[PDB]
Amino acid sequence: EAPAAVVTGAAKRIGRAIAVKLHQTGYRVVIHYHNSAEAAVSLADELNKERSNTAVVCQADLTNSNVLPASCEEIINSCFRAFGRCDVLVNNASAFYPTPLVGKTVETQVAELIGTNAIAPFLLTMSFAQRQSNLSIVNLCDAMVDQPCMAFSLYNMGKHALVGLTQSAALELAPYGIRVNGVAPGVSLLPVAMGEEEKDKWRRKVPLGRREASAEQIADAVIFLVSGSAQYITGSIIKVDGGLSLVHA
């Protein structure tokens, strides 16, 4: 029968492309969302039109809190509930915004940026492993972590922690046959609130084609890592950045 995958923040943009490609590959999917209910259900409707009862949605805030472990457990449980199995976890949901060192309170920013990018991946990783073939986890990382955007220290700390989790969980879960890997975009789908001139500044920086990655190109790397063609691969983070991280200042 068909394997099942959980994709966090799967309603729009990159998580959406990932869930679509996984479904096209033959997976049943849990579309996790926080604020984007309409979009999440729209995607489920589309996927279920293709193959009946192969997509469900699951709401959760992934901000760090007292209830986050229970929320993460429920995300995994919804996959087992809907499909009787959970073969793939994709940690894609992510808050992204500046937190200058020199109005959300700083402790809220910690909760959101560190929660979404690191603690929730950790808790979902725990629950995914506890509840257990070709099982794997794919973490959406960031190819630019060592050359970070100015004033994004919390966001960067979140993504660095996710690298640590990817590595630690690969080592620890290997005995269980659970592989744990990452995909590290450089520039992909650009901010909605970014202006067109600024977009082109960034595009011009990419050696391979002077363009951002499509969400589908990011999804392609996820598809590889979950597949039978990556069965010896664990603890690896694959850059999908058109060479951007190689470009000096």
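Numbers follow the displayed sequence, beginning with 1. Each form is matched to the other, and the largest set of C-alpha atoms that superpose within 1.5 Å is called the rigid core.
Visitor: Between 32-40 and 212-220, which one strays more from this form in 9 other deposited structures of this protein if you match the rigid core and compare Cα atoms?
Guide: After superposing on the rigid core, the more displaced stretch in 9 other deposited structures of this protein is 212-220.
Visitor: Look at the other compared PDB entries that model both sides of residue 103, then say whether a third or more of them leave it out.
Guide: Yes: coordinates for residue 103 absent from at least a third of the compared entries.
Visitor: Between residue 102 and residue 103, determine how many residues of the deposited chain lack coordinates; answer none if the chain runs continuously, otherwise 1 to 3, 4 to 9, or 10 or more.
Guide: Gap between residue 102 and residue 103: 4 to 9 unmodelled residues.
Visitor: Going by the PDB record, how many residues of the deposited sequence fall between residue 132 and residue 133 without any coordinates: none, 1 to 3, 4 to 9, or 10 or more?
Guide: Missing in between: 4 to 9 residues.
Visitor: Going by the mean C-alpha B-factor recorded in the entry, which is higher: 38-46 or 195-203?
Guide: Result of the comparison: 195-203.
Visitor: Tell me which of 185-193 and 204-212 has the higher mean C-alpha B-factor in the deposited entry.
Guide: Result: 185-193.
Visitor: Using only modelled residues of the chain, where does the Cα B factor of residue 221 rank: lowest third, middle third or highest third?
Guide: It falls in the bottom third of the chain.
Visitor: Would you check the entry's CA temperature factor for residue 160 and let me know if it's in the chain's lowest, middle or highest third?
Guide: Lowest third of the chain for residue 160's C-alpha B-factor.
Visitor: By its CA B factor, does residue 239 count among the lowest, middle or highest third of the modelled residues in the chain?
Guide: Answer is highest: the recorded C-alpha B-factor places it there.
Visitor: Residue 175: which third of its chain by C-alpha temperature factor?
Guide: Its C-alpha B-factor belongs to the highest third of this chain's values.
Visitor: Lowest, middle or highest third: which one holds residue 70 when the chain's residues are ordered by CA B-factor from the entry?
Guide: Top third by C-alpha B-factor.
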